[PDB]
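First to last, the protein sequences are chains A and B.
Numbered by the UniProt record's numbering, the letters in the first sequence go through residues 241 to 293 in order.
Numbered by the UniProt record's numbering, the letters in the second sequence go through residues 347 to 517 in order.
The beta-carbon is built from N, C-alpha and C at its ideal position, and this holds for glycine as well.
In what follows, a structure is listed as structure tokens, so that the remarks can point back to it.
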Amino acid sequence: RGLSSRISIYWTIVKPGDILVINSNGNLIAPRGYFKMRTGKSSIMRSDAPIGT
Amino acid sequence: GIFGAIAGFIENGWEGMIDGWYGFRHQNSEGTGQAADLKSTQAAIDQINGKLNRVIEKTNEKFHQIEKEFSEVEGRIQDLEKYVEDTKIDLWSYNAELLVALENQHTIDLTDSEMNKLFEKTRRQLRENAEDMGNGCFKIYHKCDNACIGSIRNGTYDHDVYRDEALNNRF
Ligand SMILES: *[C@@H]1O[C@H](CO)[C@@H](O)[C@H](O)[C@H]1NC(C)=O
């Protein structure tokens, strides 16, 4: 898509009471915030099957 | 089966009996008749259902699991994920095959059992007034009209009544 360059994606989970610290002298692609984490019955599947009512 | 009644000393089944699993056919002075035995039919059906309900019961709910297909060759970890799933499937496949074999063998044996039990119950009722013809038929040595046959079927037959007559005709 035009580029010979790349971005590498990483993740960090921070539990309550912990602290995030980000330190960069450059090349950093910074987070804009956080995604809420939940536990439950959710999951993911690969399928081409049409969804139907 | 294991009691030798069904496909046993009882030659074959009656396609003509549509109202029960087990019953009586009789021939006496008045004519021929056929009637289903509902108690033993029920015994069989109940057991078979009990079992059917054991097996058909609620399945297990699972949500997020390991991935079972792969688009890239990764080596070790994929080898392991693949091996685990394959192991699981082989074991459950075994459980199912065996469940069916055992259960079926037992169903065959228990239905045979019910038949034989009805036969035995009846023979015991009749006491000295009849003989086992070996084909699953009794020979009744006194005069038995439709009421009397009925009394045999609903378990109220009083042998002492006909004992003299029958004893006489047997010997
Ligand atoms: C059995 O049959 C006899 C004669 O048909 C009848 O009088 C009697 O009530 C029956 N017994 C039962 C418990 O159904």
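Grab the span of the alpha helix (DSSP H) containing residue i for me, first residue to last.
i, result
"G496(B)", "492-499"
"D506(B)", "505-516"
Flag residue i as yes if its beta-carbon sits less than 8 angstroms from any beta-carbon of chain B, otherwise no.
i, result
"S283(A)", "yes"
Find the nearest neighbour of residue i within the set the options, judged by alpha-carbon distance.
i, options, result
"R469(B)", "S459(B), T457(B), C483(B)", "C483(B)"
"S283(A)", "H410(B), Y440(B), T405(B)", "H410(B)"
"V401(B)", "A442(B), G501(B), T387(B)", "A442(B)"
"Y429(B)", "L444(B), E413(B), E418(B)", "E413(B)"
"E477(B)", "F416(B), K434(B), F517(B)", "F517(B)"
"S248(A)", "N267(A), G273(A), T293(A)", "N267(A)"
"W251(A)", "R286(A), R272(A), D288(A)", "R272(A)"
"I498(B)", "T457(B), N475(B), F355(B), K404(B)", "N475(B)"
"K281(A)", "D504(B), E460(B), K408(B), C490(B)", "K408(B)"
"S287(A)", "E415(B), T378(B), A390(B), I364(B)", "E415(B)"
"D506(B)", "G480(B), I495(B), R473(B), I486(B)", "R473(B)"
Tell me the residue span of the beta strand (DSSP E) that contains residue i.
i, result
"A382(B)", "377-382"
"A447(B)", "Note, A447(B): premise wrong, no beta strand (DSSP E); alpha helix (DSSP H) at 422-472."
"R371(B)", "369-374"
"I284(A)", "Counting along the chain, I284(A) falls outside any beta strand (DSSP E), and DSSP gives it neither H nor E."
"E477(B)", "476-478"
"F275(A)", "Here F275(A) belongs to no beta strand (DSSP E), and DSSP marks it neither H nor E."
"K485(B)", "484-486"
Beta carbons nearer than 7 angstroms to chain A: which residues of the segment 407-421 of chain B have them? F409, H410
When you get a sec, list the residues whose CB is within less than 6 angstroms of any heavy atom of ligand 1, chain order please. The set, ordered by position in the chain, is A493(B), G496(B), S497(B), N500(B), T502(B).
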